[PDB]
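Participant: Chains as they are written, first to last, in the entry's author numbering: chain A, 899 to 1026; chain B, 243 to 302, 328 to 339; chain C, 389 to 540, 599 to 629; chain D, 872 to 875, 881 to 1452; chain E, 1501 to 1742; chain F, 679 to 823. Just passing along the structure, written as structure tokens.
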Amino acid sequence: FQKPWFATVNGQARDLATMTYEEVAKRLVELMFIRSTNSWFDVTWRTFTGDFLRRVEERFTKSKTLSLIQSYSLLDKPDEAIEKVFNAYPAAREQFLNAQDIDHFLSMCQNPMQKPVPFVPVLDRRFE
Amino acid sequence: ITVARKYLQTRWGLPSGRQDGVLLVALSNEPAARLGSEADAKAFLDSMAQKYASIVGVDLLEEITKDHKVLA
Amino acid sequence: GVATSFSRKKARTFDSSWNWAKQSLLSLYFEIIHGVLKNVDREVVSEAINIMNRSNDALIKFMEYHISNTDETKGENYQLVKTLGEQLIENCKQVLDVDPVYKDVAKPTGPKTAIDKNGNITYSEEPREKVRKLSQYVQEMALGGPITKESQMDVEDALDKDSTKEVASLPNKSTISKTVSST
Amino acid sequence: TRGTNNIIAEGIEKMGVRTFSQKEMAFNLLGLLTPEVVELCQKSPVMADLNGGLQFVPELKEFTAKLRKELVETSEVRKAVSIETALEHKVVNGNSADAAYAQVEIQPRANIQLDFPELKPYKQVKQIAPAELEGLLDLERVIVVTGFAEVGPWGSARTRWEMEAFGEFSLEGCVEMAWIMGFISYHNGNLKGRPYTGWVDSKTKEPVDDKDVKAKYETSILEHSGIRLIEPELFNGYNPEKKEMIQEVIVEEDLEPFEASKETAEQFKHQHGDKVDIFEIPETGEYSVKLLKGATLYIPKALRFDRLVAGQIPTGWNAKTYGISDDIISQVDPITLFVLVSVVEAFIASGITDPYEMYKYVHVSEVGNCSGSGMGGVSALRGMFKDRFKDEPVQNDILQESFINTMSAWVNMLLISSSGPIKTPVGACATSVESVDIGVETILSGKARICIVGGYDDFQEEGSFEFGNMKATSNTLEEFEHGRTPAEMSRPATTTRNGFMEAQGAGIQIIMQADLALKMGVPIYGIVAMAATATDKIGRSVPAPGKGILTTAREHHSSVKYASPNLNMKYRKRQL
Amino acid sequence: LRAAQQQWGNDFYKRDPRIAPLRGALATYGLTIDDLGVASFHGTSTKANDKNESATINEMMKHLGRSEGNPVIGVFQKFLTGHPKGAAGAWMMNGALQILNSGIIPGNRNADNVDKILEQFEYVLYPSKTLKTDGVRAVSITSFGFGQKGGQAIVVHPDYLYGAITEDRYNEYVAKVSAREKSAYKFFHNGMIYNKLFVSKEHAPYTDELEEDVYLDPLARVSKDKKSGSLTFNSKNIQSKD
Amino acid sequence: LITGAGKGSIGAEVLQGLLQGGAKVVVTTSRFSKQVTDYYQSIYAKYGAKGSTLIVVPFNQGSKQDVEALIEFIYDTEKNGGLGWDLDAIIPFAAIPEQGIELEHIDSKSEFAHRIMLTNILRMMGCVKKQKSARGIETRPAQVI
């Protein structure tokens, strides 16, 4: 199918609550950032993963500081951007997605004003 | 249980077996505390006889001498 | 406002220096090991003063055990605790039988106001350029300024350079001939 | 003197006058107590100018005032000019070019963590213990603690340790406390139009940000946990100030008759006989009950009591929010709820998410429960002895819940499903350690390979009063008389220690064979390397503490010249 | 082999009268009496208890040869939580584990003034403030109850266990534990948020008609079911050659 | 005896000094709290020298009755519930902040403030005089700063 199961990490089937913040960010870039045209296939999808990385910072920071993704333009070099965020919050590579952030992620997938996400994040009632 | 039937009959016109229904509906809705006012107890018997009313399907001076005789 | 507040039963008395001393020291100790106090900080000297102010035959066996049982090898911080420790142990041995003493070692400060380039008024308390010891403060006082007209000594301190060295100095009574009054 | 209007201090000083820090004036004042100036005072009153020349500056008032004005003006013009040159920029050069030039602040959210233990690189590990130790130990007989949890005055093991070790909560502190206490409730859906995912004030249903939980709740969270005044709402209305009690009196003259059912009137006549008349009211079928002179009556009265403070589970705790079914809530004694919640939280601490995972590694018969209680079921006990005595509605099996070993029974019946050992300790104020002893032994005998250990007890009205009668607990009226806040009435080893503060809760840990723990791959929080119980001596005071437990140090020194090869690991290892 | 491991590693001091229980308890991991760093006192805040308990802890240190100058640092957690009779020992057992794994010894913050009587017990140190140390090796939870119910427990730091195991094995272990922590962090934030933490089991791992067969086969163990996915006993794993 | 030695004051700096030198000191506090009790235990466990002792009492220098009650509790034998002491120094630094009060504003506050800062200080010196005198204490003056 043209919409893969999102929470599949390098061929390994799994669920959204059994991915790490890194795995999700890398899966996001994988499926929305078109490598061949070095371009985010849709600006909302770049906007999406930005909102997500921002959340990564929010969760894992201890005190208040300022975002390492000041502008989402920085996502135009996705790999470099991702490494910047997770370098600062290394812990985020090792921990599964917080239960409450799962709800969040799935909520963003439901945002109108965004090109419908190119996958299935969840097996549930609205699976059709 | 004496006074509670003479109220159910005076102010809500209920005979022997019809006030038996209103007491059984009040037994399923029994207060988790004792009612304070006699007017609170009267108001309780009111709504209980109207929950009986729509479960069965039916709709809704000598006392001066009484005070003296007590005295005697 | 004239209502009563004092009752005898609400009085609280504090006694146990004998115990707070072991704590006082076992704290300076982990704090140096963890490098909160480095050998420059005046606090190690202050705290030395307070530990000496409570020499027991017992407080000694405490530092003695804990200092002699530190592995100098373990790290650079560990040597420091041990060296300072041993120095402190020495001093306490001398103080033993000597009445405490109030000696302020804090770095002397003065007023500094500064208004921003954006009108932000800020106040700091800076170290006085020409004053470092309470010793130097007394000298400053005796000289006065030009504003007091009509009438009606250099003892180089190891101060903010090497705390352990200053700590070794603590027990020694300063002899002076050039009385500050004569300045 | 400057301390916690100093802004002009630098300025006044700019005139050859000295201002002072408080440490400086204090040094100056203290100098008047030196023997030298003390004797001076004894000869004739002394006057000390500790005013650093500020007595030479003319028109000091106006001079002072000027410095202040010049400062304040320089501040206000400087700040007003800048605020205008800044608006002139937004006009000339657009507010959309300056909008993409502010930075974005990021605000922290709470990431509560399980706080497992840290595993070092093996290189460092082998440096801790002697190299000889490797394979010396039968790991099937090393008792290890695998998880733990508690329900208590200060929340759970997580929030309590935080308060005990640090004295204030973190973000994860408040957020968890606010959650257990019921202040905030999770929400995920639409909040008045827009979608939301996060905390919500459960009273108002408005959204709450993690970074705000402290400002909004902690002030109150703190007021309603720990050792505080007894909140009667938490104890079916127990009010230490107004103790309920009935007195017996003989009715001196015939009471006035009252209406009653036939069944009920007969229960009266059965009791009183010659001293009561009951008669049928022919019209209604019901009886009149008239208590004659001579009869016995119980007339309620009230008593003011001394113990006004307890260590109570944080206000708003609710077995419902840990996820316990209403049916269980009803059926069970409060203490079982404490226990249930901690057994759950303790398995979580051990990374056992489904108890039946044990049965992947072990046989049904080798998981045990050695948790115990001092009293346990104090609440069902009352319903049995007192609430029955009043003919109040009380369950038909409150007897069940009053037993001490039924807490462990519900644990096994709701969660664990084991056919392992079930040894239940009663050790008063040490049932918990004795429980570990019993636990350790049951695993060392092969009877169990995993078992639940711990203790639990509840605080109720009749409990606290009887302790007060034994003079065991601290007298709150007296504590107040001494200036003691509730948070200050438990002070061990203190000069003024005055009696113990009563509390409620439960705490269990999971213990295991070291060998099994390693194989399952659960956390290892410590080694239970010894556990002992010991009685004291002949006496007559039951509530007395003794030195029985000193026997755990018993060794024989009648000969200690030369080293015992036995103590030497290098030796033992060769022999092995 | 297991019995030999036992004789020389685990229980070498059992039949020895020159090695105390407390001694040997520590001794099996290469620990000395001085290594017992923290004493978790029962600290009832009663006059009777606190003195006795100090005296008795003092003496068990004195008899075993605790180095003069190395006192045990005593915590008194009843000051914060109060005294829940039965649940006392456990709460202290928790704080003891938390102490071991953090190196932090909390302070009796209600010690305005240590009772002058207690000065005689030179082997006890009563801190009023928290000490963040560079390590704690062993805690001693002691508790007393009505009816001469006395009790002690010695908890030794976890890292001493890993010494007695092969490196390949230790590494394999760290792997499993890591995966659990991740899956438990998962579970915990689920049940917090959704109040799913307690989930009552509505069935045993065995069908009623399989109950006895399980109790009697010592090798019977649970496997994930296909249909339900939950952990049950299978007919094919009960009394199997496999 | 030292009044006015609350936190962040010339008082508390003098108090730390006294304690460091091994003095036996009574401190008065007006706002007697756990928060304040905890402050002094901290201060004592830092500077409390060998032979030192700190005694914190709640006190209101504005009450005649408190002035009298205090220095009576100081002189009274331990048996009688007292301190059994005899003062060598008195440092009556207790006060109330009056600001923005000019001549025609002088009222309830300032009259009360004047009482704490003068009349009751007199009363306090007077009190310890009677005690010493009633005990024939003619060779141990108390120094009043």
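By construction, the Cβ of each residue, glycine as well, lies at the ideal position given by its N, Cα and C atoms.
Closer than 8 angstroms, Cβ to Cβ, to anything on chain F: give me those residues from the region 901-934 of chain D, in chain order.
Facilitator: Of all residues in the region 901-934 of chain D, 901, 902, 903, 905, 906, 908, 909, 914, 917, 918 have a Cβ within less than 8 angstroms of some Cβ in chain F.
Participant: List, in chain order, every chain D residue whose beta-carbon is nearer than 9 angstroms to that of residue 961 (chain A).
Facilitator: As a first step, residue 961 (chain A) must be located in the first sequence, where it is residue number 63. Per Cβ cutoff of 9 angstroms: 984.
Participant: So, with DSSP's three-state summary, where would you put residue 1372 (chain D)?
Facilitator: The count along the fourth sequence starts at 1 and reaches residue 1372 (chain D) at position 496. Three-state DSSP puts residue 1372 (chain D) in coil, outside helix and strand.
Participant: Quick one: what does DSSP say residue 1592 (chain E) is sitting in, helix, strand or coil?
Facilitator: On the fifth sequence, position 92 is the one that residue 1592 (chain E) refers to. It is helical.
Participant: Closer than 9 angstroms, Cβ to Cβ, to anything on chain E: give me those residues from the region 707-719 of chain F, in chain order.
Facilitator: Going along the region 707-719 of chain F in chain order, one finds 715, 716, 718, 719 with a Cβ nearer than 9 angstroms to chain E.
Participant: Please decide whether residue 244 (chain B) counts as near chain D, where near means a Cβ-Cβ distance under 7 angstroms.
Facilitator: Here residue 244 (chain B) corresponds to residue number 2 of the second sequence, with the count starting at 1. So yes, residue 244 (chain B) belongs to the interface.
Participant: Rounded to whole angstroms, what's the CA-CA distance from residue 390 (chain C) to residue 791 (chain F)? Just pull it up for me.
Facilitator: Here residue 390 (chain C) refers to the residue found at position 2 of the third sequence. Here residue 791 (chain F) refers to the residue found at position 113 of the sixth sequence. Roughly 10 angstroms between the two C-alpha positions.
Participant: Go ahead and pull the three-state DSSP assignment for residue 1003 (chain A).
Facilitator: Here the question's residue 1003 (chain A) lines up with position 105 in the first sequence. Reduced to three states, the DSSP call for residue 1003 (chain A) is helix.
Participant: Between the Cα of residue 610 (chain C) and those of C:409, C:473, C:497, spot the shortest distance and give me the residue it belongs to.
Facilitator: Numbered from 1 along the third sequence, position 164 holds the residue referred to as residue 610 (chain C). Residue 610 (chain C) has its Cα closest to that of C:473, out of C:409, C:473, C:497.
Participant: For residue 1153 (chain D), report the span of its beta strand (DSSP E) as first-last.
Facilitator: On the fourth sequence, residue 1153 (chain D) is found 277 positions in, with the first residue counted as 1. 1152-1156 is the extent of the beta strand (DSSP E) around residue 1153 (chain D).
Participant: For residue 1141 (chain D), collect the residues of the same chain with a Cβ closer than 7 angstroms to its Cβ; drop the 5 residues on either side in sequence, then sort them by chain order.
Facilitator: Locating residue 1141 (chain D) in the fourth sequence gives position 265, counting from the first residue. Cβ within range, chain order: 1154, 1163, 1165.
Participant: Closer than 9 angstroms between beta carbons: that is the criterion. Which residues of the region 1352-1366 of chain D meet it against chain F?
Facilitator: Answer set for the region 1352-1366 of chain D: 1359, 1360, 1361, 1363, 1364.
Participant: Could you name each continuous beta strand (DSSP E) segment of 3 residues or more that falls completely within the region 1167-1231 of chain D, going from the start of the chain to the end?
Facilitator: Entirely contained in the region 1167-1231 of chain D, the beta strand (DSSP E) runs reaching 3 residues are, in chain order, 1172-1179, 1185-1188.
Participant: Taking only three categories from DSSP, how would you classify residue 692 (chain F)?
Facilitator: Here residue 692 (chain F) is taken as the residue at index 14 of the sixth sequence, counted from 1. Three-state DSSP puts residue 692 (chain F) in a helix.
Participant: What residues in its chain sit with their C-beta under 6 angstroms from that of residue 922 (chain A), if we drop five residues either side in the sequence?
Facilitator: Sequence index remark: in the first sequence, residue 922 (chain A) carries index 24 (1-based). Hits under 6 angstroms: none found.
Participant: Drop a sphere of 10 angstroms on the beta-carbon of residue 1144 (chain D), count the other beta-carbons inside from all chains shown, and report buried for 16 or more, exposed for fewer.
Facilitator: Working through the fourth sequence from its first residue, we reach residue 1144 (chain D) at position 268. The residue is buried, with at least 16 neighbouring Cβ atoms inside 10 Å.
Participant: Give me the chain D residues within the contact set of residue 1510 (chain E), using Cβ-Cβ distance strictly less than 7 angstroms, ordered along the chain.
Facilitator: Taking the fifth sequence and counting its residues from 1, the one referred to as residue 1510 (chain E) is at position 10. By Cβ distance, chain D contributes 1013, 1014, 1017.
Participant: What is the DSSP secondary structure of residue 406 (chain C), counted as helix, strand or coil?
Facilitator: Your numbering for residue 406 (chain C) matches position 18 in the third sequence. Note: residue 406 (chain C) maps to helix in three-state DSSP.
Participant: Please report how far the alpha carbon of residue 1228 (chain D) lies from the alpha carbon of residue 1535 (chain E), in whole angstroms.
Facilitator: Within the fourth sequence, the letter at position 352 stands for residue 1228 (chain D). Within the fifth sequence, the letter at position 35 stands for residue 1535 (chain E). If you take the alpha carbons of residue 1228 (chain D) and residue 1535 (chain E), they lie about 32 angstroms apart.
Participant: Are the CB atoms of residue 985 (chain D) and residue 956 (chain A) nearer to each other than 7 angstroms?
Facilitator: In the fourth sequence, counting from the first residue as 1, residue 985 (chain D) sits at position 109. In the first sequence, counting from the first residue as 1, residue 956 (chain A) sits at position 58. It is a contact, given that the beta carbons lie within the stated cut-off.
Participant: Under 7 angstroms between beta-carbons, which chain C residues line up against residue 1633 (chain E)? List them in chain order, please.
Facilitator: Here residue 1633 (chain E) is taken as the residue at index 133 of the fifth sequence, counted from 1. 418, listed in chain order.
Participant: When you compare the CB positions of residue 412 (chain C) and residue 438 (chain C), do they come within less than 7 angstroms of one another, or not?
Facilitator: Here residue 412 (chain C) refers to the residue found at position 24 when the third sequence is read from its first residue. Here residue 438 (chain C) refers to the residue found at position 50 when the third sequence is read from its first residue. Closer than 7 angstroms, so yes.
Participant: Using DSSP bridges, identify the partner residues of residue 723 (chain F).
Facilitator: Position 45 of the sixth sequence, counted from the first residue, corresponds to residue 723 (chain F). According to DSSP, residue 723 (chain F) bridges with nothing at all.
Participant: Taking just the CA atoms, how far does residue 810 (chain F) sit from residue 816 (chain F)?
Facilitator: Residue numbering aside, residue 816 (chain F) sits at position 138 when the sixth sequence is read from its first letter. Residue numbering aside, residue 810 (chain F) sits at position 132 when the sixth sequence is read from its first letter. Using only the alpha carbons, I get a separation of about 7 angstroms.
Participant: What do you get for residue 965 (chain D), buried or exposed, if any count of 16 or more other CB atoms within 10 angstroms of its CB means buried?
Facilitator: Position 89 of the fourth sequence holds residue 965 (chain D). Under this definition residue 965 (chain D) is an exposed residue.
Participant: Would you please state the rounded distance, in angstroms, between the beta carbons of residue 794 (chain F) and residue 774 (chain F)? I believe it to be under 8 angstroms.
Facilitator: Locating residue 794 (chain F) in the sixth sequence gives position 116, where the first residue counts as 1. Locating residue 774 (chain F) in the sixth sequence gives position 96, where the first residue counts as 1. At roughly 6 angstroms, the Cβ-Cβ gap stays under 8 angstroms, so residue 794 (chain F) and residue 774 (chain F) are in contact.
Participant: Quick one: does residue 987 (chain D) have its CB under 7 angstroms from some CB of chain A?
Facilitator: Taking the first residue of the fourth sequence as position 1, residue 987 (chain D) is located at position 111. By this cut-off, residue 987 (chain D) is an interface position.
Participant: Hey, is the region 407-425 of chain C in contact with the region 751-769 of chain F, meaning 3+ C-beta pairs nearer than 8 angstroms?
Facilitator: They do not touch, by the three-pair rule.
Participant: List, in chain order, every chain E residue whose beta-carbon is nearer than 8 angstroms to that of residue 1030 (chain D).
Facilitator: By one-based count along the fourth sequence, residue 1030 (chain D) stands at place 154. Within 8 angstroms Cβ-Cβ: 1580, 1581.
Participant: Residue 1069 (chain D) and residue 1214 (chain D): beta carbons closer than 7 angstroms?
Facilitator: Taking the first residue of the fourth sequence as 1, we reach residue 1069 (chain D) at position 193. Taking the first residue of the fourth sequence as 1, we reach residue 1214 (chain D) at position 338. Cβ distance not < 7 angstroms, so residue 1069 (chain D) and residue 1214 (chain D) don't count as in contact.
Participant: Residue range of the beta strand (DSSP E) that residue 1251 (chain D) falls in?
Facilitator: Translated into the one-based positions of the fourth sequence, residue 1251 (chain D) becomes position 375. Premise fails: residue 1251 (chain D) is in no beta strand (DSSP E) and is neither H nor E.
Participant: Use the C-beta contact count for residue 975 (chain D): other C-beta atoms within 10 angstroms, 16 or more gives buried, fewer gives exposed.
Facilitator: As a first step, residue 975 (chain D) is located in the fourth sequence; it is residue number 99 there, counting from the start. Burial call: exposed.
Participant: Suppose you measure from the CA of residue 1074 (chain D) to the CA of residue 1082 (chain D); what does that come to, to the nearest Å?
Facilitator: Here residue 1074 (chain D) refers to the residue found at position 198 of the fourth sequence. Here residue 1082 (chain D) refers to the residue found at position 206 of the fourth sequence. Cα-Cα distance, rounded: 11 angstroms.
Participant: If you follow the alpha helix (DSSP H) that residue 1713 (chain E) is part of, which residue opens it and which one closes it?
Facilitator: The sequence position of residue 1713 (chain E) within the fifth sequence is 213, counting from 1. First-last of the alpha helix (DSSP H) with residue 1713 (chain E): 1711-1716.
Participant: Helix, strand or coil for residue 1724 (chain E)? Go by DSSP, reduced to three states.
Facilitator: The count along the fifth sequence starts at 1 and reaches residue 1724 (chain E) at position 224. Looking at residue 1724 (chain E) - three-state DSSP - the assignment turns out to be strand.
Participant: How would you call residue 669 (chain F), buried or exposed, if buried means at least 16 neighbouring beta carbons within 10 angstroms?
Facilitator: Residue 669 (chain F) is absent from the model: chain F starts at 679 and stops at 823.
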